[PDB]
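Protein chains in written order, with the authors' numbering: chain AAA, 2 to 217; chain AAA', 2 to 217; chain AAA'', 2 to 217. A prime marks a further copy of an entry chain.
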Ligand SMILES: CC(C)(COP(=O)(O)OP(=O)(O)OC[C@H]1O[C@@H](n2cnc3c(N)ncnc32)[C@H](O)[C@@H]1OP(=O)(O)O)[C@@H](O)C(=O)NCCC(=O)NCCS
Ligand SMILES: CC(C)(COP(=O)(O)OP(=O)(O)OC[C@H]1O[C@@H](n2cnc3c(N)ncnc32)[C@H](O)[C@@H]1OP(=O)(O)O)[C@@H](O)C(=O)NCCC(=O)NCCS
Ligand SMILES: CC(C)(COP(=O)(O)OP(=O)(O)OC[C@H]1O[C@@H](n2cnc3c(N)ncnc32)[C@H](O)[C@@H]1OP(=O)(O)O)[C@@H](O)C(=O)NCCC(=O)NCCS
Ligand SMILES: CC(=O)N[C@H]1[C@@H](OP(=O)(O)OP(=O)(O)OC[C@H]2O[C@@H](n3ccc(=O)[nH]c3=O)[C@H](O)[C@@H]2O)O[C@H](C)[C@@H](N)[C@@H]1O
Ligand SMILES: CC(=O)N[C@H]1[C@@H](OP(=O)(O)OP(=O)(O)OC[C@H]2O[C@@H](n3ccc(=O)[nH]c3=O)[C@H](O)[C@@H]2O)O[C@H](C)[C@@H](N)[C@@H]1O
Ligand SMILES: CC(=O)N[C@H]1[C@@H](OP(=O)(O)OP(=O)(O)OC[C@H]2O[C@@H](n3ccc(=O)[nH]c3=O)[C@H](O)[C@@H]2O)O[C@H](C)[C@@H](N)[C@@H]1O
Ligand SMILES: [Cl-]
């Protein structure tokens, strides 16, 4: 027996719960296991979109040895804090993808990814911990994505890009491909703004916006 | 028995007729009902892409009590005029979606929407009359869309956005999310240009273009 | 009996080989025919993502009268050179599309197109030789695409656009629709940059970038 959850019942989680249901009911063929929301804003249990929603204290108290959690909180500092808590409490991180999520050949994705509908992860891609690939995003060939990286919808991450830990890529941003000899790097904790057109390396901790992308 | 139609046999209608066929033949499982084009440019009936195409006078004359019409005219002033005519003549507005259109939980859409392939309508969204969501568009969580709103392809409408009546959002435009306390508003009859990156409220009747969006 | 190949085992080919497998195994229902990579960088055969990869000399030497090749090299000058070689050696060009590629009514596409996942080719479109439509691209109604045209991912080619031979359209570019009386023309060998917002005719051989698009 198993219990599933989406951690976060705000916008990120409410737009991922249908995806977690595709992952569980269809891709895993599991019509038996329960799925709930976890949200620490809750004191008493409530329902959110027809699912039971409870705080983490209550989720921990469930008498099941086999718990699986998708963290659906876009803020990657929160997501890492929760992931470390879950692993320490013996709860499994759970990767979710949609029926329309396309995964190509020789792709490695660490546990706990949120891979939205219409996402493509192309050939020979490696992705670290609790990746968020929101609706329509793609990661093209030979990319290396670090831990707790977050894509907004419709991110165009072209080939031979290396995105370091905790970077955030905003809605509709486009990143130029690297080459085998020179991957294009997005530095640790960098923020690429909505609609940014990135044609050069982004330094660690930089905020870049516009077409062409510039420091903000 | 029933008769279906796509009103408009120009570009909007010719790119929606396949979608209306997915809605009718597959999602409704109806292999019996006829589907035609209506276009008031026509005097004599013709064929358009292998479908009978007639003017509205001829469509009205069909002896069937049960008529269902998708209005496939992007101009929302025309679309409202036609919708009011259809309802007054006792013809039903008909929502169409594609096989790849994704509708999430607790979504309310008024009759007569044109929901193209690869469209996502995310959680807890409310949409008014004869919405056009062209190819690849999305409406994220907690949005409220008014009546006769029109999206070009690939519109990225993020969460907690309120789009008032008759707004037009152009190809590939990106709109920043609001918050629960402050929805980002697109005003009545506003025009957001192709590729605009919108990060603030757009006044009623405003035309905005560019990255960042500015008045035109 | 038949033999299939993807010509190019770098990023373009490795992200198209899964698509060629959808075309062959599912859309053609062919679980018998072998599929390999061709790449002229190779001396000895190798494997690429679990497929045999060989140079063109070795592919020619295969004793099969019935060879079918998708050219997965984005550079259109190389693609034309290879296509002319294949036809002269009595090898067939092979169109590939994905399970999620949407083709609408009265569409004409010459042999050898690479039509990626999530691509839409809308109503009444005509496309010439070895077209590349990378992930998420669309070509809307009444477009005429010439020979050896190349789209990056997420190109938004709106209606009544004429793209002449060997043009290249970059990632996420948006092109304004033409009208029946005045198609918007992208000239022969023009380059439209990533994220460009094109609202006017692009001259032959021009390079245009930005929002709005300007000469580079
Ligand atoms: C880039 C970003 C991080 C800046 O955040 P911020 O520092 O809070 O920015 P503000 O909203 O205060 O705006 C700062 C200024 O830059 C502009 N700006 C903000 N984001 C911009 C963007 N993506 N492109 C261009 N200009 C932008 C604002 O209009 C403002 O201009 P002003 O000083 O002339 O009034 C943010 O705007 C962004 O792009 N976030 C991603 C949103 C998103 O992708 N949503 C998806 C969730 S599903
Ligand atoms: C914004 C828009 C409404 C302006 O329409 P318009 O007033 O007829 O504009 P024009 O074509 O006369 O162009 C006005 C000027 O702004 C520029 N411009 C037009 N649209 C622009 C856009 N989206 N972004 C930036 N600049 C734009 C033009 O190049 C022109 O510049 P110029 O005066 O230097 O020559 C229109 O260009 C647009 O974006 N419409 C949406 C197209 C679309 O989404 N198609 C989808 C159908 S499937
Ligand atoms: C437009 C393009 C062809 C220019 O190529 P290039 O001539 O080699 O350009 P460079 O990389 O030398 O950049 C030239 C300058 O223009 C800028 N630039 C490049 N591409 C740009 C773009 N799309 N938009 C805006 N500015 C751009 C660069 O930042 C640079 O600025 P600088 O001189 O201030 O340093 C190229 O950048 C491009 O857009 N190619 C498409 C990439 C793509 O679509 N990938 C998909 C493959 S899956
Ligand atoms: C306001 C905003 O920009 N939200 C955007 C954000 O939504 P999130 O749900 O990630 O963020 P939030 O709206 O701040 O909500 C976070 C939720 O996490 C919960 N939480 C938190 C910490 C914790 O330790 N436990 C816990 O449970 C917290 O109680 C809250 O319900 O990213 C999405 C991808 C966007 N679509 C959405 O618009
Ligand atoms: C030229 C242009 O920009 N067209 C764009 C427009 O196409 P539409 O078909 O909406 O607009 P149109 O090309 O002006 O055609 C309108 C059609 O509606 C018909 N009609 C009208 C009024 C009426 O009362 N009865 C009636 O039938 C009219 O006869 C005509 O055939 O929006 C699409 C989404 C775009 N893809 C397409 O490029
Ligand atoms: C570096 C770069 O920008 N690559 C981009 C390019 O990849 P390509 O595979 O088209 O280009 P390449 O990386 O230069 O590789 C070309 C390949 O074609 C091969 N080849 C060539 C000639 C010939 O006559 N025989 C032959 O076989 C050549 O040996 C090589 O393996 O377009 C894709 C759509 C992008 N995703 C990808 O990032
Ligand atoms: Cl898209």
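C-beta: ideal position from N, C-alpha, C; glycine also.
The alpha helix (DSSP H) enclosing residue i, as first and last residue numbers
| i | result |
| --- | --- |
| residue 21/AAA'' | 12–22 |
| residue 60/AAA | 57–62 |
Through-space distance from residue j to residue i, alpha-carbon basis
| i | j | result |
| --- | --- | --- |
| residue 208/AAA' | residue 172/AAA' | 14 Å |
| residue 88/AAA'' | residue 44/AAA' | 48 Å |
| residue 71/AAA'' | residue 118/AAA | 28 Å |
| residue 82/AAA | residue 40/AAA | 14 Å |
| residue 75/AAA' | residue 161/AAA'' | 15 Å |
| residue 145/AAA'' | residue 163/AAA'' | 5 Å |
| residue 64/AAA | residue 103/AAA | 35 Å |
| residue 186/AAA | residue 197/AAA | 15 Å |
| residue 57/AAA | residue 134/AAA | 24 Å |
| residue 30/AAA' | residue 193/AAA'' | 43 Å |
| residue 79/AAA'' | residue 148/AAA'' | 13 Å |
| residue 52/AAA' | residue 159/AAA | 41 Å |
| residue 195/AAA'' | residue 86/AAA' | 44 Å |
| residue 67/AAA'' | residue 96/AAA'' | 15 Å |
| residue 137/AAA' | residue 16/AAA' | 13 Å |
Chain-ordered chain AAA contacts of residue i [CB-CB under 7 Å]
| i | result |
| --- | --- |
| residue 212/AAA'' | 212 |
| residue 195/AAA'' | 175, 177 and 198 |
| residue 119/AAA' | 119 |
Residues that residue i contacts on chain AAA'', provided the C-beta gap is smaller than 7 Å
| i | result |
| --- | --- |
| residue 105/AAA | 16 and 19 |
| residue 101/AAA | 101 |
Beta strand (DSSP E) segment containing residue i, residue limits
| i | result |
| --- | --- |
| residue 87/AAA' | Note, residue 87/AAA': premise wrong, no beta strand (DSSP E); alpha helix (DSSP H) at 77–89. |
| residue 177/AAA' | Careful: residue 177/AAA' lies outside any beta strand (DSSP E) and carries neither H nor E. |
| residue 69/AAA' | 68–72 |
| residue 39/AAA' | 35–39 |
| residue 185/AAA' | 185–187 |
| residue 48/AAA | 47–49 |
| residue 4/AAA'' | 4–8 |
| residue 210/AAA'' | 208–210 |
Cross-chain neighbours of residue i in chain AAA'', by beta carbon under 9 Å
| i | result |
| --- | --- |
| residue 123/AAA | 12, 15, 16, 19 and 136 |
Report task. Could you list the residues in the region 131–143 of chain AAA' with a C-beta less than 8 Å from some C-beta on chain AAA, going in chain order? Result -> Correct list: 137, 139, 141, 142 and 143.
Requested in this report: For the region 73–94 of chain AAA', enumerate the residues whose C-beta is nearer than 9 Å to any C-beta of chain AAA'', in chain order.
Outcome: Residues: none.
Query raised in the report: Between the region 159–171 of chain AAA' and chain AAA, which residues of the former have a C-beta closer than 8 Å to a C-beta of the latter?
Result: Those residues of the region 159–171 of chain AAA' that come within reach of chain AAA (Cβ to Cβ, closer than 8 Å) are 159, 160 and 161.
Query raised in the report: What residues in the region 144–158 of chain AAA' have a beta carbon less than 9 Å from any beta carbon of chain AAA?
Result: From the region 144–158 of chain AAA', only 155 and 157 have a Cβ closer than 9 Å to chain AAA.
Report task. Write down every uninterrupted run of the beta strand (DSSP E) in the region 136–166 of chain AAA whose length is 3 residues or greater and which is fully enclosed by it, in chain order. Result -> Here the runs fully enclosed are 162–164.
Query raised in the report: the region 28–56 of chain AAA: which residues have C-beta closer than 8 Å to a C-beta of chain AAA', in chain order?
Result: Those residues of the region 28–56 of chain AAA that come within reach of chain AAA' (Cβ to Cβ, closer than 8 Å) are 50 and 51.
Requested in this report: Give, in chain order, every unbroken run of the beta strand (DSSP E) that is at least 3 residues long and sits entirely within the region 94–126 of chain AAA''.
Outcome: Considered as a whole, the region 94–126 of chain AAA'' harbours no complete run of any beta strand (DSSP E) with no fewer than 3 residues.
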